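Below is one structure, written out as structure tokens, with a few remarks after it.
Every residue, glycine among them, receives a Cβ derived from its backbone with ideal geometry; neighbour counts consider all protein chains shown. Since every read-out is calculated from the coordinates, none of them should be taken as a lab result.
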Amino acid sequence: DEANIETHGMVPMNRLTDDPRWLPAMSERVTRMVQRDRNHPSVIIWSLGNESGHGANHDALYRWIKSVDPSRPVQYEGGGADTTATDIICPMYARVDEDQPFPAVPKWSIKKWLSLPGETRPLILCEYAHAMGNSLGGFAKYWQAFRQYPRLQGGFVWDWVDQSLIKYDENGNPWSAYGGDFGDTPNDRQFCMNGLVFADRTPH
Amino acid sequence: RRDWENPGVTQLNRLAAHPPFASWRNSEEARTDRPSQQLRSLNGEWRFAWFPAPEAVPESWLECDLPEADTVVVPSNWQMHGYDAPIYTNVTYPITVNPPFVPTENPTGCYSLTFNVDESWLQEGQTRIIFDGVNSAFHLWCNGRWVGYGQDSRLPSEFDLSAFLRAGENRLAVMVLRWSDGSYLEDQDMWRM
Amino acid sequence: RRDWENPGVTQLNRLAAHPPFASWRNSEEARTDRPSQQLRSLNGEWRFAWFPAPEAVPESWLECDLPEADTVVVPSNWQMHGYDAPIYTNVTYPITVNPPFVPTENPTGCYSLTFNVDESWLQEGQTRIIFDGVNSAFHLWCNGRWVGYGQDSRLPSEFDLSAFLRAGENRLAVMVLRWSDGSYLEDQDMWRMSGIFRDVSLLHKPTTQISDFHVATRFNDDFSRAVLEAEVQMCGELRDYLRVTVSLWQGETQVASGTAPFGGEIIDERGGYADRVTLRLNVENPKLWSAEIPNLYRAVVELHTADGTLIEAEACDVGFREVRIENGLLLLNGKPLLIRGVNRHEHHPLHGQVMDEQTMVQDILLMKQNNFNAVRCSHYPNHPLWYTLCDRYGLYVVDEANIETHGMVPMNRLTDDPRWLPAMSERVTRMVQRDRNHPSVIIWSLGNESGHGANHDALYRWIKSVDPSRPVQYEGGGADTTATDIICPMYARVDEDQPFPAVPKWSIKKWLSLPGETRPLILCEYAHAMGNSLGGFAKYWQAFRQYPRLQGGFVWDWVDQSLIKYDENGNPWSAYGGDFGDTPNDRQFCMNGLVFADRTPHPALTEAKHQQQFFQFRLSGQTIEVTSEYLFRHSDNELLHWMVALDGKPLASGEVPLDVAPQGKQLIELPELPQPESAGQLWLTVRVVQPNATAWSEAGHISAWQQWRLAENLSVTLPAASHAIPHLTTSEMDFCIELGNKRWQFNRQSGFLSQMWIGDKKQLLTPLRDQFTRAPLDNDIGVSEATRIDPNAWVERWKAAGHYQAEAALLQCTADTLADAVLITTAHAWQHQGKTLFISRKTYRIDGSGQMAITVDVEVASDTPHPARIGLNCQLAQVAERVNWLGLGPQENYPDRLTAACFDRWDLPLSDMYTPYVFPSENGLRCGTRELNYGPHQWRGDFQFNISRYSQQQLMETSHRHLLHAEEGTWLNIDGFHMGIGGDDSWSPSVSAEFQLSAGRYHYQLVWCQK
Ligand SMILES: O=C1O[C@H](CO)[C@H](O)[C@H](O)[C@H]1O
Ligand SMILES: O=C1O[C@H](CO)[C@H](O)[C@H](O)[C@H]1O
Ligand SMILES: [Mg+2]
Ligand SMILES: [Mg+2]
Ligand SMILES: [Mg+2]
Ligand SMILES: [Mg+2]
Ligand SMILES: [Mg+2]
Ligand SMILES: [Mg+2]
Ligand code: NA
Ligand code: NA
Ligand code: NA
Ligand code: NA
Ligand code: NA
Ligand code: NA
């Protein structure tokens, strides 16, 4: 269960999340979620949000949750996926054997990430195997690693369904539309379609 | 105030968050998960009118249904009704980056509903309204009188209507803003509706 | 709306918090800390009008001054000018508890000011106004236009007036609310006042400016190398030509410097802070900061173009020091501290909560002169100058968020509520943003008496995250919760456990070793100094020195919160709770200091000075071992003075230079001393004297002392036979004895010495009789909340057992004629409702020398509560100018509070033998007395005494010191034994057992004679 906080377009990404003036607004998105959902057994892990860099408000909120509801781990990928604000190393798109050593927020090979000096947490990818169009190449590589490495405990594919929208042609025949198709601009075209299933639920 | 341009005001008069409730008055029904007569759905047909900005909303909308509004299903996203376009942006915010402000041209959906309640609710008890999801922020009025305001498009916003209810017909007016300071925290890679 | 009843709204249009700015436009002035033309004071005469609720304020006010307004000085607390009453309440909120609402009648202070602004300020840049402290909430308008709103009485609120001002004359209108939702977080135990009580200033900054800056210092392992890191952020016009230069100076010498363009390192996938830059300066062998030697450097932060144009400059004093807890110890610069602390409120008997430089300086001098090295900001951020002063003079400070919700039930009702998280967070976050660069602040505190809520854990974490250089502490919820890096209890005792449910106060020694516990322990409050108190102080200090993890504590507290009132005659007098019509109130509970409100010391101050000494001594024959407790400095301004005296008669003395390294020792061999064969006890006294004056002390200041008994020669000398023998005359009603010009009359019905004559003059106004009670001290009374009431308190136990009303029953009175004397023997029983509480048996032996030897043996029922004292009392007819005694002194001292007193021959004016505690009680006792001289009398034995013009009955029945009246003659209380005074807390019995008179049988002897 993930809080409704995403500040991706900021520069740098934690611009708001590291600022105390935004703590109150972020805080409600995290605490009201816990207050509402805490008795559901299916919820096993709380998430602080998505792509918001890593700011001190995150550390504050991680701690709030840990004190109020000790029954579930808290995770958060921002800022490097292994920050002080996450109980799980939860990268997005880290590769199996290949490192992607970006400055500040590298994406190590998942097998390698586990054994970095002093690291002991479980690793579960918050997002992996980007299913955009003809994709899923290399999927088996992940599964084989998950099986061999105890601490490699799986991940969440990105994503379940294409966000395509229906539009109608001259004749009233429906068609699958994407970014820009509504005159919307700027837009990111087909980037909203990344599912394992078409919008009507027919499988890819 | 332009409460929608102030990250320090994320709600006004909103009640506290809590797990799903039904106010069952019979233990066995609560046990079986059956319906509660104390919990009613207002989903269905509502009156709706679109405006280019909150400054364009006529004050009379508070007191009476606008002749130009249309009748639409709620819940709904307005773009799906063709009132305006849904926008598909990944990273780049759909509005100029200048926290906490938003554009002056800020599409506004005016929703309204005429309803009434069981006599016993006029009698005693607390009658609240629950909006499971309003995107991105909104002001609420009942029988022309202001009730409160709420942000966070993905959690319920509840207000106590007890003191506003009246006998016979009652009118809700909900002014929803497409953009608000809450949008700054709602940059997910998806259609912006 | 009513923003003042909505915790979700704590400000409107308020600017971000930041460290002290002045916007200098010349670097040398910034370096020198000279005044800045860009920072003006708006303090001074303002116009003011009081209203009973915000709704009574007329609209016109916004536009123009109200004819009936008054001109008053700002900053000020309006209660101090008489507009309404300050209220004195401890725990119970001054308003009805119903968050977040406040009463509809809510005193509103309308303040206004017409002032000028130079055209130049408006031609360019930004002009902001800064309100350092407004209690409790406020709206602000400029030239009739609404600017913004602010909450939190203890931190600055700043607003941009750039668009609101005009050349020349301008007018502010400030509407201040006494009560707001902010009041729910401002329940500290102090007077409840209101107004613009801190400075108001106007600051000009350039459009492209330094919007914040943080200074850090990290060290190598032995502190021989440091790296100063300063992160600077700007607002405005971001351009490639901009640069920041940070230069560090030691005196007029620049020791390091760095220049860089803006653009910090990459921090995430979206890049870095292009509006930030971090400069790193290497400093070799830095001079370190500590309370012992407050070495400072000056960091100057210039914002400029690369080609050389200074945009503006900000600056700060920098103290190189590291604070860390390791292996269970709080270390400063790698050495373990021993906190000699005190809690200090910002209180002035005339100005209320307004602080001024002189007062602060005065407090700091007195603190250091009395061996304090630390202060806790109970319970809110202080006036900004306080920090500058602590940085410069050298005191460790605990900076505390202005959050206290004591009156809630349970105490964490609000701190555990997420709806209150935003309001609490601003209190913590803006405090840290303003005060993070001050070296004096070594620990952050989350507030006080607010229970332990999840909001505390979140905020603890926030700070740990933005500022890893200082520990975070918080006592609420049991003192050792997950929200504190230090076990910081309030009033935990040294050896005695107080196992309250959920939040027990364990003995401090035991607390440290509870299973799994490893943190250091520093009391955030201890040794409650209310009235005649500080009993047991030494017990604490002994433990702190013996247990490494017991690293001290902050006494509660520095200064009594008494306010000045004026009588019909216009004479000033000290007032406390309820003295302004305020009610409910907690009476004198607001007075708990080591000093009176005008800074005159209470006697307990001297006990704290001694126990907090920085030199300890041991004696072994002819050798004195001095040990230094300083961690960083050598004893470079100190000499040891030693003196040996025989019962006060000086025999030999000398001085020897002290040269002891920090934590080191020095042995000092004393010369061959007297061997007088003449009777008496030899006493060695040594004092540490500072020969040179300092920033905080004068030449000759004494910083430490200690005494030891050397040899004693008991007297075996038989006094000569008298050429005389007293005669006895008896009648049914009296026994009268005569000897020369002397006579004593013993009443056969009462059984006491009823009159004595020397020559022809009567000596007594009241007979000499036993006394087993004292006018109860604040600690005997025990109250922390003014009807109620504790049956377990001392005072109630004695009252109920009948001690104050027991009547002497005569059991025997006989007279016998001796060879060279007359002897009177008496026995009396004190009873209460059929119960015999005490039995007093005595003998009075009058000899041909004119001496009267009185022997007394008392029995105390084992089942009655231990009595306050076992002694005699009488009202002497004579009123003498001076008191001369051979015993402990010179200041008042009690059994559990006499370590500081020294045995010598003392001589003081009568009035010095009375302590004017605001709330009167037994006072002025001096213990360990062997001879007492007053007027023509002399008393010898081994007793404790007090002497003054006020009877115990009077002290007991009067509530304020100004209402006392000297009685005729002099009251003298001479005790064989006197109970401890207590003080571990002032709201439960606190006198240690060893200081309780529980022996059952007591024996004392005195000789009364003339001189
Ligand atoms: O990093 C991400 O990758 C996905 C790309 O399709 C999508 O934007 C997810 O919301 C985001 O977390
Ligand atoms: O516990 C406490 O005791 C002191 C008693 O005077 C005073 O009330 C302090 O504010 C409080 O923290
Ligand atoms: Mg808002
Ligand atoms: Mg994204
Ligand atoms: Mg408020
Ligand atoms: Mg220069
Ligand atoms: Mg010009
Ligand atoms: Mg309190
Ligand atoms: Na695995
Ligand atoms: Na996508
Ligand atoms: Na110690
Ligand atoms: Na007090
Ligand atoms: Na010396
Ligand atoms: Na009294």
> Label points 7 Å out from Cα along the Cβ direction at C:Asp734 and C:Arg882: separation in nm?
Replying inline: 3.4
> Pick from B:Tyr93, B:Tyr149, B:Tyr111: which is most flexible by mean-square fluctuation in a GNM of chain B where alpha carbon atoms under 10 Å apart are linked?
Replying inline: B:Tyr93
> Between region C:961-989 and region C:439-481, what is the C-alpha centre distance in whole Å?
Replying inline: 41
> For C:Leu651, which sequence-distant residues (separation of 5 or more, or a different chain) have an amide H within less than 5 Å of its own amide H, given hydrogens modelled in the peptide plane?
Replying inline: C:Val644, C:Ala645, C:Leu646
> Near A:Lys112, which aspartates and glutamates are there with a Cα under 19 Å away, not counting those fewer than 8 places off in the same chain?
Replying inline: A:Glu77, A:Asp82, A:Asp87, A:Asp97, A:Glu98, A:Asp99, A:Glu127
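Please give the FRET efficiency for B:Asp132 paired with C:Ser60, using the beta carbon to beta carbon distance and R0 = 56 Å, rounded to the nearest 0.05. Walk me through the numbers on the way to the answer.
Values: r = 48 Å, r/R0 = 0.86.
Computed FRET efficiency for B:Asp132 and C:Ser60 comes out at 0.70.
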> Which one of C:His438, C:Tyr491, C:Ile403 has its Cα pushed farthest toward the positive end of the charge dipole of region C:322-612, where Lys and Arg give +1 and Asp and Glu give -1 at the Cβ?
Replying inline: C:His438
> In whole Å, what is the distance between the alpha-carbon centres of region C:148-186 and region A:95-153?
Replying inline: 53
> So, in nm, how far is label B:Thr32 from label C:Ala993 when the simple model puts each one 7 Å beyond its Cα toward the Cβ?
Replying inline: 6.8
> Each residue of region C:735-748 in order: what ³J(HN,Hα) in whole Hz does its phi give by Karplus 6.51 cos²θ - 1.76 cosθ + 1.60, θ = phi - 60°, with x for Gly and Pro?
Replying inline: 10, 10, 10, 10, 8, x, 7, 10, 8, 10, 10, 10, 7, 6
> Applying the Karplus parametrisation 6.51 cos²θ - 1.76 cosθ + 1.60 with θ = phi - 60° to the phi angles of region C:139-148, what ³J(HN,Hα) value in whole Hz is obtained for each residue in order, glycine and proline being reported as x?
Replying inline: 10, 9, 10, 10, 6, x, 10, 5, 9, x
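As a test of the formula, what do you get for the protein assembly as shown when each DSSP H run with n ≥ 4 contributes -39,500 (n - 2.57) and the sum is divided by the residue count, at 222 nm and rounded to the nearest 500 deg cm²/dmol?
On the way: 19 runs with 157 residues, N = 1408.
It lands at -3000 deg cm²/dmol.
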> How much net charge surrounds C:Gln473 when only the other residues with a Cβ under 13 Å from the Cβ of C:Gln473 are counted, with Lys and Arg +1 and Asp and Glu -1?
Replying inline: -2
>> Using Cα springs under 10 Å in a Gaussian network model of chain B, which residue among B:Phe131, B:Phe159, B:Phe48 shows the largest mean-square fluctuation?
In response: B:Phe131
>> Taking amide H atoms as placed 1.01 Å from N in the peptide plane, list the residues 5 or more away in sequence, or in a different chain, whose amide H sits under 5 Å from that of C:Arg869.
In response: C:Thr773, C:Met979
> All other residues with a Cβ under 10 Å from the Cβ of C:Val354 taken together, and with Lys, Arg as +1 and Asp, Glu as -1, what is their net charge?
Replying inline: -2
>> For a quick check of your reading of the filter: which GluC sites (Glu not before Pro) in region B:23-119 sit in a DSSP loop and have no more than 14 other Cβ atoms within 10 Å?
In response: B:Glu63, B:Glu68, B:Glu105
>> Less than 20 Å apart at the alpha-carbon level, and either on another chain or at least 8 residues along: which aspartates and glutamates does that give for C:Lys742?
In response: C:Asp734, C:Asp760, C:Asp816, C:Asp820, C:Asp847
> Per residue of A:49-59, what is the mean number of Cβ atoms on other protein chains within 10 angstrom of that residue's Cβ?
Replying inline: 4
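Are there trypsin sites (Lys or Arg not before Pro) in region C:260-293 that DSSP marks as loop and that have at most 15 other Cβ atoms within 10 Å, and which are they? Intermediate results must be reported in sequence, preceding the final value.
Numbers: sites: C:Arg270, C:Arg276, C:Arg280, C:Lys287; in loops: C:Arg270, C:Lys287.
Sites meeting the loop and neighbour criteria: C:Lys287.
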> Tell me, what is the FRET efficiency for C:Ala695 and C:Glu252 to the nearest 0.05, using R0 = 22 angstrom and their Cβ-Cβ distance as r?
Replying inline: 0.70
> Highest GNM mean-square fluctuation, chain B, Cα pairs closer than 10 Å: which of B:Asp152, B:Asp65, B:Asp84?
Replying inline: B:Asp84
> Per-residue HN-Hα couplings for region C:222-239, Karplus 6.51 cos²θ - 1.76 cosθ + 1.60 at θ = phi - 60°, whole Hz, x for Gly and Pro?
Replying inline: 10, 6, 8, 9, 9, 10, 9, 10, 10, 9, 10, 10, 10, 10, x, 5, 6, 9
> Which listed residue (C:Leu310, C:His960, A:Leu136) has the Cα farthest towards the positive end of the charge dipole for the protein assembly as shown, taking +1 on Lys and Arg C-beta and -1 on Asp and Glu C-beta about the Cα centre?
Replying inline: C:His960
> Amide H of A:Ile88: which non-local residues (sequence gap of 5 or more, or other chain) have their own amide H closer than 5 Å, using H built in the peptide plane?
Replying inline: A:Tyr76
> In terms of Cα to Cα distance under 17 Å, which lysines are near enough to A:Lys66, apart from those fewer than 8 places away along the same chain?
Replying inline: C:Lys464
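Provide C:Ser507, A:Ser115 in ascending order of the number of other Cβ atoms located within 10 Å of each residue's Cβ, fewest first. Display every interim value, and only then the final one.
On the way: C:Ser507 15, A:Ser115 12.
Placing the least packed residue first, the sequence is A:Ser115, C:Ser507.
What does the charge dipole of the protein assembly as shown about its Cα centre add up to, to the nearest 20 debye, if the Cβ of each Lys and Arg holds +1 and the Cβ of each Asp and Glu holds -1? Intermediate results must be reported in sequence, preceding the final value.
On the way: 121 positive and 177 negative charges, 648 e Å.
The dipole of the protein assembly as shown has a size of about 3120 debye.
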